[PDB]
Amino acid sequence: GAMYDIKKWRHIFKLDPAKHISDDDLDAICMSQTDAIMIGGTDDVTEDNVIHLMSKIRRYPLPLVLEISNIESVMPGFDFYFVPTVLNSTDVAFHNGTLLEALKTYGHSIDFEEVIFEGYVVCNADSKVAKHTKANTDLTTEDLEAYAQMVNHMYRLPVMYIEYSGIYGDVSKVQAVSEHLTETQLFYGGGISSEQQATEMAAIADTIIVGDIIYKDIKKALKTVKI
């Protein structure tokens, strides 16, 4: 089952369950070389369409993961749950606050082997996720490096997630951050929309996460896997 060893993942397609994906486009990505399909949507996951989406996704043989945002999103059935802790958020709620309530609720029966805690760092000052988590987006390269160090040596977390929220972020900073991660895997997301960019980043980061372009140019999207 090399299929389910996140450490080997290089590319993940991230679906916003709130947007419409056609069955042919869905088939396209699920058939691709991508390592996993991730359902996200940083807010009020609408149980209804998430289940619609996973029903379709389970017809293919590839890891289906959920990016839990809020206690509302928690649903059984996924292969992995990626739980973020927004390191640069100024509200304890996105640190461990929400997670404490989820655990209060489902603690009794979670299989922590399938849960993955991610050091999440919001880097796009003008994003829904930056404004919701009251994230302190004024980050210098030193700040990111301190964060990387904090993730890599102090919490020693399996994943550090650089989230540029839709726009292609600062390659140099991502590059600075990768420098300090060693034991921790580096996930990058934000703006990839060209085999060129996917290759640039997948070079620095360990796993790249392509999302928006799926709903804009399925053909370009499929290009991001060629990294």
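Start at 1 and count along the sequence shown; that's the residue number.
For the two regions 35 to 43 and 62 to 70, the entry's Cα B-factors average higher over 35 to 43. Higher mean CA temperature factor, per the PDB entry, when comparing 140 to 148 with 116 to 124: 140 to 148.
Of the candidates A93, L87, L103, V129, it is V129 whose Cα B-factor is highest according to the PDB record. Between the residues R10, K219, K14, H20, the entry's highest C-alpha temperature factor is the one at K219.
Among all modelled residues in its chain, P158 ranks in the lowest third by Cα B-factor. When all modelled residues of the chain are sorted by CA temperature factor, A135 is found within the highest third. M201: CA B factor in the highest third of modelled residues in this chain (values from the PDB entry).
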